[PDB]
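> My sequence and its experimental structure, below.
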Amino acid sequence: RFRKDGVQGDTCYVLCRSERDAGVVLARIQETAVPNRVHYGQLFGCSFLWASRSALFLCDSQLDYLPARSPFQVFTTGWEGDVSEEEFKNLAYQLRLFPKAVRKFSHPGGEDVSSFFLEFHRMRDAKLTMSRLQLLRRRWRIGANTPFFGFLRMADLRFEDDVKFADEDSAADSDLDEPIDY
RNA sequence: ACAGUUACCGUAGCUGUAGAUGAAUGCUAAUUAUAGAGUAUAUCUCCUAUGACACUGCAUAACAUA
């Protein structure tokens, strides 16, 4: 379970499963469910509608912390076919689709699935890419709930011998990179 | 801002004259080719057209490396 700024239990709860088969089965029936809220006076409390959906992932590796700090708009893609090169294989087939990525990276591990990274110049290009992928997913009949793509992010860290944490910084100006257009 | 209303004196009430030109009309002028601001101005009757051909995008997997 996560936590808010005031060390309060955040409503964001995360679960896991031993196997992979049951993963899909969890995010198909937990929609609009009202088990209970609180057990006081031997009776149930207020209602609450359940909503389960895959919208977040976690990764821990020794070759991911450094690469994910240089670019400002970094993408993540996975669920690819048999083992592939970057310059010779990933670039060439990219032309067919509409990725429009400045650079790319790899993700070893020795599994039967690859995951190549993407880079963008402006926030608008990144945003537009998201839509493209989403649309394509439907066409292919892959699955709504099936992880296909995501947005990479750097988790907040708190070091020592510091008067103020980075997350609690009020003078930060890391919002100008996201222009607003309407 | 000033004169007039029996050829005596207080009130009261009238004509001409100022500016603002956000209507209409009469006479006379189309006279080099550097001519302007605002609801772009109101009521009622008959008939015709609109309504599937409206802007943009194939980056809507295109024109695709000796």
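Cool, the structure landed. Numbering: from 1, shown residues only, chains lettered A, B, ... in the order given.
> counting contacts, what elements does the longest helix anywhere in chain A pack onto?
Across chain A, the longest stretch assigned as helix under DSSP state H is helix A:123-140. Using 3 or more C-beta pairs under 8 Å, 6 or more residues apart in numbering; DSSP states H and E, the elements in contact with helix A:123-140 are strand A:149-151. Quick note: C-beta positions are derived from backbone N, CA and C, even for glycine.
> Name the residues that touch the strand it packs on?
With C-beta atoms under 8 Å, 6 or more residues apart in numbering as the test, strand A:149-151 has contacts from A:57, A:74-78, A:130, A:133.
> Who are the contact partners of the residue lying closest to residue A:53 once chain neighbours are set aside?
Among residues not flanking residue A:53 along the chain, residue A:27 sits closest, at 6.1 Å (C-beta to C-beta, 6 or more residues apart in numbering). Going by C-beta under 8 Å, 6+ apart, residue A:27 touches A:52-54, A:145.
> Now with 10 Å, please.
Residues counted as contacts of residue A:27 (C-beta atoms under 10 Å, 6 or more residues apart in numbering) are A:51-54, A:144-145.
> out of those, who's nearest RNA strand B?
residue A:144 (17.8 Å; C-beta to the nearest atom of the strand).
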